[PDB]
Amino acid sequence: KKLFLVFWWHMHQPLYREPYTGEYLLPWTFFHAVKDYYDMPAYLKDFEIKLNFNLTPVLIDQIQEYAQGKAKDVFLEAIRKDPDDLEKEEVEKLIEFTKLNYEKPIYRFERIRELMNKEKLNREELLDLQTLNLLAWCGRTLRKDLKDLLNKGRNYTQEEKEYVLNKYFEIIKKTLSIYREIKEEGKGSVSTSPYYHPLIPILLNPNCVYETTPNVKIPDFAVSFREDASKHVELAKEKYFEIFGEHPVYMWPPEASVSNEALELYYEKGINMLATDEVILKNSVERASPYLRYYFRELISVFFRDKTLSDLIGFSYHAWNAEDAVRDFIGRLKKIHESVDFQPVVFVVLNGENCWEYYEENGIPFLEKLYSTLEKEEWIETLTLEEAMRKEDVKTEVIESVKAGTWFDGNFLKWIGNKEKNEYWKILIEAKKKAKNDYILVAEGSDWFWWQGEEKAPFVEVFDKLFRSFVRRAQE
């Protein structure tokens, strides 16, 4: 009697490329590409398990731009330059980027503490600041190859910095290939999301927010976003088809966000399976076990992720030592395995690139120990999404209706309902009336609304510049 375990790592970045200048205004796609987007599937080279991935189309666009050498990344340019050529504005951004990241485990170099305590940096100190910011984001593959440069920890030269940069771009250039390979080998399924990661239930019917938060104030949606919701899904099918050669039959709904209308749209667009969050399940049915495969109105298959297991990796186990964390995770799977006399399906679904920076050594000890243990446990079978979709020896149930929500408390409050987030929607609504191109779809991404009306400086001014630039460009 097996326990079926399904990892589904979601990868996404909003579009950081300013439409007028073409400049990538933040380096987050570059840094997660070199740290996570290649290395997370590359674990499948060394471990005989199945792992699944979601790639948003807007992320794929950016990965391709960096791989082709076309991305003009302003923070990266400040890294690459000889410090004698740095603008004062570039030295300032270098220091602010360091201070934002200072306390993360992947930044635990004694030298960074030294450099942040100095009143002013000479050329050698700036070279160490640039190169340590680079090396802090080193992924698993190159942490082996560049181990000696990493251990050095100080006194970096321009040549060593450029060497690291060349190896990083080699990693980016191989990134789409590794997703194609693990897919062709049956080592994992690859899904996508509606193109720019929007809140599909809101675009289809903004009133769905009242199913969970009736007291929320939302602006006057004086224009229809229903066609745009279709276009996000349709364009995403086309981008996936270009990259992987087939139309996707699995999709990750952004923010796990579903509604009756959204599920109908995915079904209409040929999606056969998605996943969403256990809170939505609890809100929608009485007996809310997440270990069943659900069928929404016999139209589309829906799995509900195990929220506690997903949150343990996503948020808890950074605060644990790696071995203890793996023992805790396996022990919880044991309890699930023992708690039912059927074969449970256990979906572990979370962002695949954001939690590791808070783990010791970028989560590599944790994931290596976790996957090594999993590959040898005889009562656990890890599945591709395709295997989980067609598994016959599991329990099954039909659901007729869901309560609209997201994996954030089962509601939409992180993207709508306060004055500053509502202002973004009002701006989008007014721009949509006059929109003339697909940059309006870019501005519909959830990321812009997530950061608006929050304390989270800095670079929130940069997300604001991006959103409003996309809104302006959509009208021309």
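Start at 1 and count along the sequence shown; that's the residue number.
Discussion item. Averaging CA B factors per stretch from the PDB record, which one is higher: 261-269 or 113-121?
Written reply: Taking the mean B-factor of the alpha carbons in each, 113-121 is higher.
Fill in: Higher-B stretch (mean Cα B-factor, as the entry records it), 124-132 or 355-363
Higher mean C-alpha B-factor: 124-132.
Worksheet item: Whose CA atom has the top B-factor in the entry, of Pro41, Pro27, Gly69, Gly417?
Response: Of the options given, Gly69 has the highest CA B-factor in the PDB entry.
Worksheet item: Highest Cα B-factor in the deposition, which of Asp341, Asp306, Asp220, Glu227?
Response: Within the set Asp341, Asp306, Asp220, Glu227, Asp341 shows the top C-alpha B-factor.
Discussion item. Which third, lowest, middle or highest, does the C-alpha temperature factor of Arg180 belong to within its own chain?
Written reply: For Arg180, the deposited C-alpha B-factor lands in the lowest third.
Item to complete: Grab the CA temperature factor for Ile440 from the record and place it in the lowest, middle or highest third of its chain.
Response: Its C-alpha B-factor, which the entry lists for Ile440, ranks in the middle third among residues of this chain.
Worksheet item: Among the modelled residues of its chain, does the C-alpha B-factor of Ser401 lie in the lowest, middle or highest third?
Response: Tercile = highest for this residue's CA B-factor.
Worksheet item: Sorting the chain's CA B-factors, does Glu77 end up in the lowest, middle or highest third?
Response: CA B-factor rank for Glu77: highest third.
Worksheet item: Lowest, middle or highest third: where is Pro214 by C-alpha B factor in its chain?
Response: Top third by C-alpha B-factor.
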